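Engineer: One structure is given below, represented as structure tokens, and several questions about it will come after.
Every read-out reported here was derived from the displayed coordinates using simple, explicitly stated rules and does not represent laboratory data.
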């Protein structure tokens with residue numbers, strides 16, 4: 001046995017956890033308000049992201 | 001619909017007074033009073049341009065408002081106008097407008113003021129003590145600070 005044989009499980013678990021966390025970062029929808037379509041009807045160029 | 005008399009006749013029809021769905025006929029002074037009420041309500045809404053703008057044309061001082069004058073409202077404003085007219089003239093005939101008429105009038109007024117509110121939602125210009133950053137090449141024109149509002 002060398003030195004990298006007993007670290008295999010911990011390293012694999014670290015890689016799996018980091019991959020899962022990157023998936024969480026990427027594929028999770030961001031924070032946006034929940035609006036009824038009738039609440040903003042006609043006012044839908046005010047929530048686009050513009051600061052006008 | 002097309003003139004102030006139509007706005008009055010439709011408003012009375014909504015209230016169930018003086019409509020051909022109940023074989024009831026109209027009184028000319030009811031027309032006169034309702035046209036006067038419509039004129040007053042439109043003037044109060046307008047406030048000489050400081051309020052809601054609907055395109056309604058007001059009769060001049062010399063000529064009192066008549067039944068046959070065109071209202072001049074947009075096609076999307078007639079419904080709100082006559083619903084609010086019916087709501088306003090409901091107490092005239094010892095009646096209270098139904099919940100549907102009141103809700104429709106509120107919705108119509110909201111839709112009338114929607115576009116004006118969008119237009120009037122204009123931000124103020126930059127303050128008078130704000131500097132124009134060095135990223136603006138117009139700074140070389142001695143324009144280091146913003147114009148006052």
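Engineer: How big is chain A along each principal axis, measuring the range of its Cα positions in Å and listing the largest first?
Structural biologist: 71, 23, 9
Engineer: Still on this structure, I have one more. Is chain B rounded, prolate or oblate when judged by the Cα gyration tensor, a ≥ b ≥ c being the square roots of its eigenvalues, rounded requiring a/c under 1.5 and prolate requiring a/b larger than b/c?
Structural biologist: prolate
Engineer: Sticking with this structure for a sec: Hey, what's the Cα Rg ratio for the protein assembly as shown versus the globular rule of thumb, 2.2 N^0.38 Å?
Structural biologist: Relative to the rule-of-thumb radius for its length, the protein assembly as shown sits at 1.88.
Engineer: Mind checking the angle between helix B:99-120 and chain B's longest principal axis? C-alpha axes, 0 to 90 degrees, to the nearest 10.
Structural biologist: 30
Engineer: Moving on. Using alpha carbon centroids, what distance separates chain A and the range B:50-71, in Å?
Structural biologist: After rounding, the separation between the Cα centres reads 59 Å.
Engineer: Another one. Helix B:28-46 sits at what angle to the longest principal axis of chain B, using alpha carbons and giving 0 to 90 degrees rounded to 10?
Structural biologist: 10
Engineer: How many angstrom separate the Cα center of the range B:18-48 from the Cα center of the range B:78-114?
Structural biologist: 12
Engineer: Which one of B:129, B:120, B:88 has the biggest mean-square fluctuation once chain B is modelled by GNM with Cα springs under 10 Å?
Structural biologist: B:129
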